[PDB]
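Asks: I'm passing along data08.txt; it holds compact mmCIF, C-alpha atoms.
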# COMPACT_ATOMS: atom_id res chain seq x y z
CA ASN L 611 -44.28 -65.76 13.86
CA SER L 612 -41.24 -68.04 14.07
CA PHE L 613 -37.79 -67.33 15.48
CA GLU L 614 -35.90 -68.00 12.26
CA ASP L 615 -32.39 -66.75 11.46
CA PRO L 616 -31.91 -67.03 7.68
CA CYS L 617 -28.33 -65.72 7.86
CA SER L 618 -27.43 -68.82 9.89
CA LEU L 619 -28.67 -71.09 7.08
CA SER L 620 -26.00 -70.08 4.54
CA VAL L 621 -22.37 -69.04 4.96
CA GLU L 622 -22.08 -67.19 1.64
CA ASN L 623 -25.38 -65.34 2.11
CA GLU L 624 -24.21 -64.26 5.56
CA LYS L 625 -20.88 -63.04 4.17
CA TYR L 626 -22.55 -61.10 1.36
CA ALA L 627 -25.15 -59.54 3.66
CA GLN L 628 -22.57 -58.58 6.29
CA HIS L 629 -20.21 -57.10 3.69
CA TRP L 630 -22.84 -55.00 1.91
CA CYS L 631 -25.37 -54.12 4.64
CA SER L 632 -22.75 -52.94 7.15
CA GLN L 633 -22.29 -49.75 5.11
CA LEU L 634 -25.43 -48.44 6.82
CA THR L 635 -23.74 -48.46 10.25
CA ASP L 636 -20.35 -47.25 8.98
CA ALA L 637 -19.67 -43.79 10.40
CA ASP L 638 -17.50 -42.77 7.43
CA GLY L 639 -19.24 -44.69 4.64
CA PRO L 640 -21.69 -43.42 2.02
CA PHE L 641 -24.48 -43.39 4.64
CA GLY L 642 -22.41 -41.88 7.47
CA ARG L 643 -23.76 -38.36 6.93
CA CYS L 644 -27.20 -39.53 8.12
CA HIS L 645 -26.43 -41.38 11.37
CA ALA L 646 -27.68 -38.36 13.34
CA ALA L 647 -30.97 -37.73 11.53
CA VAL L 648 -32.03 -41.39 11.15
CA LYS L 649 -30.84 -44.28 13.31
CA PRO L 650 -29.68 -47.08 10.95
CA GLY L 651 -30.03 -50.08 13.28
CA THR L 652 -33.49 -51.11 12.08
CA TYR L 653 -32.48 -50.62 8.44
CA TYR L 654 -29.34 -52.70 9.02
CA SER L 655 -31.43 -55.51 10.54
CA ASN L 656 -33.90 -55.35 7.65
CA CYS L 657 -31.03 -55.42 5.15
CA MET L 658 -29.47 -58.47 6.81
CA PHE L 659 -32.76 -60.38 7.05
CA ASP L 660 -33.87 -59.59 3.49
CA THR L 661 -30.48 -60.30 1.91
CA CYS L 662 -30.15 -63.63 3.73
CA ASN L 663 -33.78 -64.60 3.10
CA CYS L 664 -34.79 -63.73 -0.46
CA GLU L 665 -33.44 -65.48 -3.54
CA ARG L 666 -32.49 -62.26 -5.37
CA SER L 667 -30.14 -61.04 -2.66
CA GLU L 668 -28.93 -57.96 -4.54
CA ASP L 669 -32.49 -56.75 -5.12
CA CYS L 670 -33.38 -56.95 -1.42
CA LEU L 671 -30.09 -55.35 -0.38
CA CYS L 672 -30.69 -52.48 -2.82
CA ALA L 673 -34.27 -52.13 -1.58
CA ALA L 674 -33.09 -51.81 2.03
CA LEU L 675 -30.37 -49.29 1.13
CA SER L 676 -32.84 -47.26 -0.95
CA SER L 677 -35.33 -47.32 1.92
CA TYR L 678 -32.68 -45.90 4.25
CA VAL L 679 -31.76 -43.29 1.63
CA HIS L 680 -35.41 -42.27 1.26
CA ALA L 681 -35.82 -42.02 5.04
CA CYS L 682 -32.74 -39.78 5.10
CA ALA L 683 -34.13 -37.64 2.27
CA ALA L 684 -37.34 -37.18 4.25
CA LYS L 685 -35.17 -35.55 6.95
CA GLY L 686 -33.43 -33.19 4.51
CA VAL L 687 -30.17 -35.16 4.17
CA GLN L 688 -28.79 -35.85 0.69
CA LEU L 689 -26.68 -38.98 0.22
CA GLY L 690 -25.76 -38.76 -3.46
CA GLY L 691 -23.11 -41.09 -4.79
CA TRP L 692 -24.16 -43.99 -2.56
CA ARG L 693 -24.69 -46.40 -5.48
CA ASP L 694 -20.95 -46.80 -6.14
CA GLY L 695 -20.00 -50.45 -5.78
CA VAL L 696 -23.26 -52.35 -5.40
CA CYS L 697 -26.71 -51.16 -6.51
CA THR L 698 -25.31 -49.48 -9.63
CA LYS L 699 -27.38 -51.47 -12.15
CA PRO L 700 -30.49 -49.20 -11.92
CA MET L 701 -28.23 -46.25 -12.81
CA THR L 702 -27.59 -47.53 -16.34
CA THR L 703 -30.77 -49.44 -17.28
CA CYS L 704 -33.54 -46.93 -17.99
CA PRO L 705 -35.15 -45.25 -21.06
CA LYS L 706 -32.86 -44.05 -23.83
CA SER L 707 -33.24 -40.28 -23.41
CA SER J 1096 -31.97 -71.20 22.48
CA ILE J 1097 -33.98 -72.11 25.59
CA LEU J 1098 -35.82 -68.84 24.91
CA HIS J 1099 -36.97 -70.28 21.56
CA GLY J 1100 -37.71 -73.94 22.31
CA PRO J 1101 -40.48 -76.02 23.87
CA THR J 1102 -39.61 -74.74 27.36
CA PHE J 1103 -41.27 -71.36 26.74
CA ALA J 1104 -43.65 -72.47 23.97
CA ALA J 1105 -46.79 -71.52 25.91
CA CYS J 1106 -45.46 -68.04 26.75
CA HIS J 1107 -44.48 -67.21 23.15
CA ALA J 1108 -48.05 -66.12 22.40
CA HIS J 1109 -48.14 -63.76 25.42
CA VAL J 1110 -44.59 -62.35 25.75
CA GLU J 1111 -42.38 -61.68 22.74
CA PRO J 1112 -38.97 -63.32 23.35
CA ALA J 1113 -37.08 -61.25 20.77
CA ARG J 1114 -35.44 -58.59 22.93
CA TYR J 1115 -35.00 -61.07 25.79
CA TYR J 1116 -33.14 -63.48 23.48
CA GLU J 1117 -31.00 -60.63 22.13
CA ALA J 1118 -30.12 -59.51 25.66
CA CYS J 1119 -29.35 -63.12 26.62
CA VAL J 1120 -26.93 -63.55 23.71
CA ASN J 1121 -25.28 -60.16 24.26
CA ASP J 1122 -24.83 -60.72 28.01
CA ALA J 1123 -23.45 -64.23 27.50
CA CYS J 1124 -21.01 -62.82 24.93
CA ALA J 1125 -19.99 -59.98 27.27
CA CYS J 1126 -19.93 -61.96 30.55
CA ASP J 1127 -16.27 -62.80 29.91
CA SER J 1128 -14.82 -61.73 33.29
CA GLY J 1129 -16.24 -64.68 35.24
CA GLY J 1130 -19.70 -65.88 36.15
CA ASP J 1131 -21.40 -66.24 32.78
CA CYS J 1132 -23.95 -68.62 34.27
CA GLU J 1133 -25.19 -65.78 36.48
CA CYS J 1134 -25.54 -63.59 33.38
CA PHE J 1135 -27.47 -66.32 31.55
CA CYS J 1136 -29.69 -67.05 34.56
CA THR J 1137 -30.55 -63.36 34.96
CA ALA J 1138 -31.28 -62.99 31.24
CA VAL J 1139 -33.60 -66.01 31.21
CA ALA J 1140 -35.21 -65.08 34.55
CA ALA J 1141 -36.19 -61.70 33.11
CA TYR J 1142 -38.27 -63.46 30.44
CA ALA J 1143 -39.51 -65.96 33.04
CA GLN J 1144 -40.76 -63.12 35.25
CA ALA J 1145 -42.39 -61.47 32.24
CA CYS J 1146 -44.16 -64.77 31.52
CA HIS J 1147 -45.21 -65.24 35.14
CA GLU J 1148 -46.61 -61.71 35.43
CA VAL J 1149 -49.24 -62.42 32.75
CA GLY J 1150 -50.56 -65.61 34.37
CA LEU J 1151 -48.31 -68.24 32.73
CA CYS J 1152 -46.14 -70.11 35.25
CA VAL J 1153 -43.68 -72.20 33.25
CA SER J 1154 -41.18 -74.48 35.01
CA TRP J 1155 -37.86 -73.80 33.28
CA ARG J 1156 -35.26 -74.38 36.01
CA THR J 1157 -33.60 -77.81 35.91
CA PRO J 1158 -30.63 -79.16 37.91
CA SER J 1159 -28.48 -78.19 34.90
CA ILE J 1160 -30.24 -74.90 34.02
CA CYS J 1161 -30.20 -72.39 36.89
CA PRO J 1162 -30.87 -74.76 39.81
CA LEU J 1163 -32.42 -73.46 43.03
CA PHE J 1164 -31.23 -74.95 46.33
CA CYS J 1165 -34.57 -74.99 48.12
CA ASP J 1166 -33.49 -77.90 50.34
CA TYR J 1167 -30.94 -75.54 51.91
CA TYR J 1168 -33.84 -73.92 53.78
CA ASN J 1169 -35.19 -77.17 55.24
CA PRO J 1170 -34.61 -77.43 59.01
CA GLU J 1171 -32.93 -80.56 60.33
CA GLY J 1172 -35.38 -83.40 59.80
CA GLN J 1173 -37.97 -81.27 57.96
CA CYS J 1174 -38.99 -81.08 54.29
CA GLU J 1175 -41.15 -78.03 53.62
CA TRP J 1176 -39.58 -75.74 51.03
CA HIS J 1177 -40.66 -76.27 47.41
CA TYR J 1178 -40.02 -74.40 44.18
CA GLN J 1179 -43.05 -72.42 42.99
CA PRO J 1180 -43.11 -70.77 39.53
CA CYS J 1181 -46.40 -69.00 40.23
CA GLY J 1182 -45.26 -68.22 43.76
CA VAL J 1183 -47.53 -68.24 46.78
CA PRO J 1184 -48.96 -64.72 47.17
CA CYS J 1185 -51.02 -65.71 50.24
CA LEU J 1186 -49.15 -68.38 52.10
CA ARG J 1187 -50.10 -68.17 55.77
CA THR J 1188 -47.62 -66.23 57.91
CA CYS J 1189 -47.92 -64.39 61.21
CA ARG J 1190 -47.47 -61.03 59.50
CA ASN J 1191 -50.56 -61.85 57.39
CA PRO J 1192 -52.36 -64.16 59.84
CA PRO B 67 -31.54 -93.79 31.27
CA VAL B 68 -30.22 -97.27 30.44
CA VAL B 69 -30.46 -98.14 26.73
CA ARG B 70 -29.57 -101.68 25.67
CA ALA B 71 -28.18 -102.73 22.29
CA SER B 72 -27.74 -106.20 20.80
CA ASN B 73 -28.40 -105.95 17.05
CA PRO B 74 -25.21 -104.92 15.21
CA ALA B 75 -27.05 -104.10 11.97
CA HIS B 76 -27.22 -100.30 12.07
CA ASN B 77 -28.07 -99.44 8.47
CA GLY B 78 -30.80 -97.14 9.80
CA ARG B 79 -28.17 -94.75 11.19
CA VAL B 80 -26.33 -94.36 7.86
CA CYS B 81 -27.20 -92.09 4.94
CA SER B 82 -25.01 -91.84 1.86
CA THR B 83 -24.80 -90.63 -1.73
CA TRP B 84 -22.80 -92.37 -4.44
CA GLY B 85 -22.46 -92.99 -8.15
CA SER B 86 -24.84 -91.27 -10.57
CA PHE B 87 -26.83 -89.16 -8.10
CA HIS B 88 -27.88 -92.15 -5.98
CA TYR B 89 -29.14 -91.30 -2.48
CA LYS B 90 -29.93 -93.55 0.48
CA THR B 91 -31.85 -91.99 3.36
CA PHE B 92 -31.46 -92.99 7.01
CA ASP B 93 -34.71 -94.96 6.73
CA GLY B 94 -33.51 -97.08 3.79
CA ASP B 95 -35.19 -95.30 0.87
CA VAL B 96 -32.88 -95.48 -2.16
CA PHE B 97 -33.65 -93.02 -4.96
CA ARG B 98 -31.93 -90.97 -7.67
CA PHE B 99 -31.96 -87.16 -7.84
CA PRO B 100 -29.74 -85.58 -10.55
CA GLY B 101 -29.51 -82.18 -8.88
CA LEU B 102 -26.35 -80.12 -9.34
CA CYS B 103 -27.31 -77.29 -6.96
CA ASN B 104 -26.46 -76.80 -3.28
CA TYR B 105 -28.63 -79.06 -1.12
CA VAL B 106 -28.99 -79.83 2.59
CA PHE B 107 -27.54 -83.30 3.10
CA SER B 108 -28.67 -83.51 6.74
CA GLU B 109 -29.35 -81.00 9.54
CA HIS B 110 -30.66 -81.13 13.11
CA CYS B 111 -33.96 -79.29 12.72
CA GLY B 112 -35.72 -81.12 15.57
CA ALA B 113 -34.40 -78.85 18.32
CA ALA B 114 -34.33 -75.14 19.11
CA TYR B 115 -30.53 -75.21 18.73
CA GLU B 116 -29.08 -76.98 15.69
CA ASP B 117 -26.22 -79.35 16.50
CA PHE B 118 -25.15 -79.99 12.90
CA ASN B 119 -25.89 -78.76 9.38
CA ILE B 120 -24.22 -80.53 6.44
CA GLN B 121 -24.64 -79.36 2.84
CA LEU B 122 -23.20 -80.79 -0.37
CA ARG B 123 -22.81 -79.48 -3.91
CA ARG B 124 -22.19 -81.29 -7.19
CA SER B 125 -20.48 -80.25 -10.42
Mind turning the file's structure into structure tokens?

Replies:
Amino acid sequence: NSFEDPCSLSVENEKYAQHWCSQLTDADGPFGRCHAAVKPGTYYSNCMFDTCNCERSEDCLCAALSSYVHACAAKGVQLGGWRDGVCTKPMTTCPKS
Amino acid sequence: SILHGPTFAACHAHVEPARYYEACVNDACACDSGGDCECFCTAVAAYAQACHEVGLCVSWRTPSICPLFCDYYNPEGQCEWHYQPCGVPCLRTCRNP
Amino acid sequence: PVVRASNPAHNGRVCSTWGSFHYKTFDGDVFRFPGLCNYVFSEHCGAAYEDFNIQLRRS
């Protein structure tokens, strides 16, 4: 294990990750209804690290957000409508019917 | 960054420096009312004590990084007091003859 | 620590890029790399804390 900080290696990656992963910790954002059931700090850290690290930043950001959404759903909290903005591509691309 | 460099390289396999580094950075950011060097010294000494407790006595204090004025305790004409990372659990005193 | 200096030729401390993707390293190796992406020109990776990190991009 090394003490790497990928977000410090790129300005634009840091800006993108901070802009899109901070919605997890926003009290009034799409994920604000779940801050009581599930604590979003670990998911925010995972989102930042994955977005700054992997080449397909949007895929890792969407994976982290979906992981938080699934953890919320395991607690009985529904967060529908969270894909507005980013992570909307999976909504449209799926089988015809 | 001292908590991630060669100074504590031997301890990195026995004490995880993640939370200690985070506390160091947060305290140094928040120690804005005066005496940030005390905040930094306390934050690094926490990790140093954690390292020393598990048998690893690293020498991290330098005249520019949290110096210790041991010579202050030397009586006039004497030179006895030395810095010990491990400490001396059974130095000879007259309370433990 | 006293460090003396007498030789004024300091080409070993200079790295540069010029012309048609021509690169000269600090050690004197001149090569060509026609990359148009974002690359790390030079960064201080030899310490726990990084003093500098310079990146360049071509179009």

Asks: Write out as JSON lines a residue-level contact list of chain B versus chain L with cut-off 12 Å: for each qualifying residue the closest pair of atoms and the distance in Å to one decimal, counting all atoms listed in the file, rows sorted by chain and residue number upward.

Replies:
{"residue": "B:104", "atom": "CA", "partner": "L:620", "partner_atom": "CA", "distance": 10.3}
{"residue": "B:105", "atom": "CA", "partner": "L:620", "partner_atom": "CA", "distance": 10.9}
{"residue": "B:106", "atom": "CA", "partner": "L:619", "partner_atom": "CA", "distance": 9.8}
{"residue": "B:109", "atom": "CA", "partner": "L:619", "partner_atom": "CA", "distance": 10.2}
{"residue": "B:110", "atom": "CA", "partner": "L:619", "partner_atom": "CA", "distance": 11.9}
{"residue": "B:111", "atom": "CA", "partner": "L:619", "partner_atom": "CA", "distance": 11.3}
{"residue": "B:114", "atom": "CA", "partner": "L:613", "partner_atom": "CA", "distance": 9.3}
{"residue": "B:115", "atom": "CA", "partner": "L:614", "partner_atom": "CA", "distance": 11.1}
{"residue": "B:116", "atom": "CA", "partner": "L:618", "partner_atom": "CA", "distance": 10.1}
{"residue": "B:118", "atom": "CA", "partner": "L:619", "partner_atom": "CA", "distance": 11.2}
{"residue": "B:119", "atom": "CA", "partner": "L:619", "partner_atom": "CA", "distance": 8.5}
{"residue": "B:120", "atom": "CA", "partner": "L:619", "partner_atom": "CA", "distance": 10.5}
{"residue": "B:121", "atom": "CA", "partner": "L:620", "partner_atom": "CA", "distance": 9.5}

Asks: Output the contact residues of chain J with respect to chain L at a cut-off of 12 Å, based on all atoms listed in the file, as a ChimeraX atom specification.

Replies: /J:1096-1100,1104,1107-1108,1111-1114,1116-1117

Asks: CA of residue 117 (chain B) and CA of residue 1127 (chain J), how far apart in Å?

Replies: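 Calculated distance between CA of residue 1127 (chain J) and CA of residue 117 (chain B) is 23.5 Å.
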
Asks: So which residues touch residue 697 (chain L) within 12 Å, counting only C-alpha atoms, skipping near sequence neighbours fewer than 2 positions away, as an mmCIF file with C-alpha atoms, in the frame of the given file?

Replies:
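selection39.cif, freshly written:
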data_model
loop_
_atom_site.group_PDB
_atom_site.id
_atom_site.type_symbol
_atom_site.label_atom_id
_atom_site.label_comp_id
_atom_site.auth_asym_id
_atom_site.auth_seq_id
_atom_site.Cartn_x
_atom_site.Cartn_y
_atom_site.Cartn_z
ATOM 1 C CA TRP L 630 -22.840 -55.000 1.910
ATOM 2 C CA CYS L 631 -25.370 -54.120 4.640
ATOM 3 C CA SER L 667 -30.140 -61.040 -2.660
ATOM 4 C CA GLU L 668 -28.930 -57.960 -4.540
ATOM 5 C CA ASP L 669 -32.490 -56.750 -5.120
ATOM 6 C CA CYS L 670 -33.380 -56.950 -1.420
ATOM 7 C CA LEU L 671 -30.090 -55.350 -0.380
ATOM 8 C CA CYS L 672 -30.690 -52.480 -2.820
ATOM 9 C CA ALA L 673 -34.270 -52.130 -1.580
ATOM 10 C CA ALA L 674 -33.090 -51.810 2.030
ATOM 11 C CA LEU L 675 -30.370 -49.290 1.130
ATOM 12 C CA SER L 676 -32.840 -47.260 -0.950
ATOM 13 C CA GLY L 691 -23.110 -41.090 -4.790
ATOM 14 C CA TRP L 692 -24.160 -43.990 -2.560
ATOM 15 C CA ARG L 693 -24.690 -46.400 -5.480
ATOM 16 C CA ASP L 694 -20.950 -46.800 -6.140
ATOM 17 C CA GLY L 695 -20.000 -50.450 -5.780
ATOM 18 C CA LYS L 699 -27.380 -51.470 -12.150
ATOM 19 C CA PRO L 700 -30.490 -49.200 -11.920
ATOM 20 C CA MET L 701 -28.230 -46.250 -12.810
ATOM 21 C CA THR L 702 -27.590 -47.530 -16.340
ATOM 22 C CA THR L 703 -30.770 -49.440 -17.280
#

Asks: Do you know which residues are at most 12 Å from residue 1150 (chain J) counting all atoms listed in the file, after dropping those on the same chain fewer than 5 positions away, and could you put them as a tab-separated table (two decimals) with C-alpha atoms, keeping the file's coordinate frame?

Replies:
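What ended up in result_7.tsv:
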chain	number	residue	atom	x	y	z
J	1105	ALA	CA	-46.79	-71.52	25.91
J	1106	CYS	CA	-45.46	-68.04	26.75
J	1109	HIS	CA	-48.14	-63.76	25.42
J	1110	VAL	CA	-44.59	-62.35	25.75
J	1143	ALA	CA	-39.51	-65.96	33.04
J	1144	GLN	CA	-40.76	-63.12	35.25
J	1145	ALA	CA	-42.39	-61.47	32.24
J	1180	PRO	CA	-43.11	-70.77	39.53
J	1181	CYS	CA	-46.40	-69.00	40.23
J	1182	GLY	CA	-45.26	-68.22	43.76

Asks: Neighbouring residues of residue 1177 (chain J) were defined as those with any atom within 10 Å, considering only C-alpha atoms; residues of the same chain fewer than 4 positions away were excluded. Please report them as a ChimeraX atom specification.

Replies: /J:1163-1166,1168-1169,1182

Asks: When you look at region 94-101 of chain B with a cut-off of 12 Å (counting only C-alpha atoms), what residues show up, excluding the ones that are within fewer than 5 positions of it in the same chain? I need them as a PyMOL selection string.

Replies: chain B and resi 76-89+106+122-125

Asks: Please report the interatomic distance between CA of residue 623 (chain L) and CA of residue 655 (chain L) in Å with one decimal.

Replies: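 Separating CA of residue 623 (chain L) from CA of residue 655 (chain L) is a distance of 14.3 Å.
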
Asks: Between CA of residue 681 (chain L) and CA of residue 637 (chain L), measure the distance and give it in Å to one decimal.

Replies: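 Between CA of residue 681 (chain L) and CA of residue 637 (chain L) the gap works out to 17.1 Å.
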
Asks: Tell me which protein, DNA and RNA residues are within 10 Å of residue 1122 (chain J), counting only C-alpha atoms, leaving out same-chain ones fewer than 3 positions away, and put them as number ranges by chain.

Replies: J: 1116-1119, 1125-1127, 1131, 1133-1135, 1137-1138

Asks: Using all atoms listed in the file, pick whichever of J:1115, J:1155, J:1176, J:1103 has the shortest atom-to-atom distance to chain B.

Replies: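 Among J:1115, J:1155, J:1176, J:1103, it is J:1103 that comes nearest to chain B.
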